[PDB]
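Reviewing the structure listed below.
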Amino acid sequence: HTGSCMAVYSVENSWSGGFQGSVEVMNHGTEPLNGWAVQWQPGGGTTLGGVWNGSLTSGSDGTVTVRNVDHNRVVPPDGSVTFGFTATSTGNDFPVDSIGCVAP
């Protein structure tokens with residue numbers, strides 16, 4: 001009954017026309033899950049660009065996500081892992097709110 005991941009989302013830096021962000025995701029879930037993701041609604045006039053230590057995609061539902069953490073293979077299991085991404089903008093150089101993680 002219940003038992004899902006938890007995440008800590010932070011903004012690294014922002015600049016005119018874009019920003020950088022990072023997320024830590026801990027294995028608070030009862031099971032380790034390959035392909036888990038961190039998704040959010042982008043700010044008005046902002047969109048994702050690239051990622052490192054992970055993969056990223058945009059969705060047609062007007063939301064964007066960072067998925068498929070690979071580097072959990074290098075660290076020991078049942079720990080926490082972090083990764084970063086960058087976004088580009090023509091309006092909101094900031095996100096909407098703080099967000100958590102999801103599982104497939």
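Quick note on naming: the chains in the structure tokens go A, B, ... in the order shown, residues restart at 1 in each chain, and ligands are numbered from 1 in order of appearance.
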Closest contacts (stretch 18-88 of chain A/stretch 100-103 of chain A, max 10 Å, only C-alpha atoms) as JSON lines:
{"residue": "A:23", "atom": "CA", "partner": "A:100", "partner_atom": "CA", "distance": 9.0}
{"residue": "A:24", "atom": "CA", "partner": "A:101", "partner_atom": "CA", "distance": 9.4}
{"residue": "A:25", "atom": "CA", "partner": "A:101", "partner_atom": "CA", "distance": 7.2}
{"residue": "A:26", "atom": "CA", "partner": "A:101", "partner_atom": "CA", "distance": 9.4}
{"residue": "A:29", "atom": "CA", "partner": "A:103", "partner_atom": "CA", "distance": 9.2}
{"residue": "A:32", "atom": "CA", "partner": "A:103", "partner_atom": "CA", "distance": 9.8}
{"residue": "A:33", "atom": "CA", "partner": "A:103", "partner_atom": "CA", "distance": 7.2}
{"residue": "A:34", "atom": "CA", "partner": "A:103", "partner_atom": "CA", "distance": 8.8}
{"residue": "A:35", "atom": "CA", "partner": "A:103", "partner_atom": "CA", "distance": 7.7}
{"residue": "A:36", "atom": "CA", "partner": "A:103", "partner_atom": "CA", "distance": 4.7}
{"residue": "A:37", "atom": "CA", "partner": "A:102", "partner_atom": "CA", "distance": 5.4}
{"residue": "A:38", "atom": "CA", "partner": "A:101", "partner_atom": "CA", "distance": 4.4}
{"residue": "A:39", "atom": "CA", "partner": "A:101", "partner_atom": "CA", "distance": 6.7}
{"residue": "A:40", "atom": "CA", "partner": "A:100", "partner_atom": "CA", "distance": 8.3}
{"residue": "A:65", "atom": "CA", "partner": "A:101", "partner_atom": "CA", "distance": 9.6}
{"residue": "A:66", "atom": "CA", "partner": "A:101", "partner_atom": "CA", "distance": 9.6}
{"residue": "A:67", "atom": "CA", "partner": "A:102", "partner_atom": "CA", "distance": 9.5}
Any idea what's packed within 7 Å of residue A:43, counting only C-alpha atoms, ignoring anything in its chain fewer than 5 positions away? Could you give it as a ChimeraX atom specification?
-> /A:92,94-96
What residues in chain A get the DSSP label strand (DSSP E)? Please answer as JSON, numbers by chain.
-> {"A": [6, 7, 8, 9, 10, 11, 12, 13, 14, 15, 18, 19, 20, 21, 22, 23, 24, 25, 26, 37, 38, 39, 40, 46, 47, 48, 49, 50, 51, 52, 55, 56, 57, 58, 64, 65, 66, 67, 80, 81, 82, 83, 84, 85, 86, 87, 88, 89]}
Which residue, A:45, A:6, A:28, A:14, has the smallest gap to residue A:89 when you use only C-alpha atoms?
->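 Going through A:45, A:6, A:28, A:14 one by one, the smallest distance to residue A:89 is for A:45.
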Residues within 8 Å of residue A:12, please, as a PDB file with C-alpha atoms, in the first residue's frame. Count only C-alpha atoms; anything in the same chain fewer than 3 positions from it doesn't count.
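Full text of around-v8.pdb as output:
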ATOM      1  CA  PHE A  19      17.894  28.705 -17.152  1.00  0.00           C
ATOM      2  CA  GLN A  20      19.436  25.568 -15.637  1.00  0.00           C
ATOM      3  CA  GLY A  21      17.808  23.153 -13.195  1.00  0.00           C
ATOM      4  CA  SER A  22      18.675  19.993 -11.270  1.00  0.00           C
TER       5      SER A  22
END
For residue A:27, list every protein, DNA or RNA residue within 6 Å, evaluated using only C-alpha atoms, and leave out those in the same chain fewer than 4 positions away; present the list as a short mmCIF file (atom, residue, chain, number, x, y, z; two decimals) with N, CA and C atoms, in the first residue's frame.
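Produced file result.cif, reproduced below:
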data_model
loop_
_atom_site.label_atom_id
_atom_site.label_comp_id
_atom_site.auth_asym_id
_atom_site.auth_seq_id
_atom_site.Cartn_x
_atom_site.Cartn_y
_atom_site.Cartn_z
N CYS A 5 8.58 6.98 -5.17
CA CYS A 5 9.80 7.78 -5.09
C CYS A 5 9.50 9.14 -4.48
N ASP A 78 19.88 1.22 -3.61
CA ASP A 78 19.11 1.76 -2.49
C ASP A 78 19.66 3.09 -1.95
N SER A 80 20.36 7.52 -3.31
CA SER A 80 19.74 8.63 -4.02
C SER A 80 20.67 9.07 -5.15
#
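Nearest to residue A:31 of all the residues A:16, A:53, A:10, A:4 is A:4, based on only C-alpha atoms.
What separates atom CA of residue A:47 from atom CA of residue A:9 is a distance of 16.9 Å.
Atom CA of residue A:74 is positioned 27.1 Å from atom CA of residue A:13.
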State, in Å with one decimal place, the distance from atom CA of residue A:88 to atom CA of residue A:55.
->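 Separating atom CA of residue A:88 from atom CA of residue A:55 is a distance of 16.8 Å.
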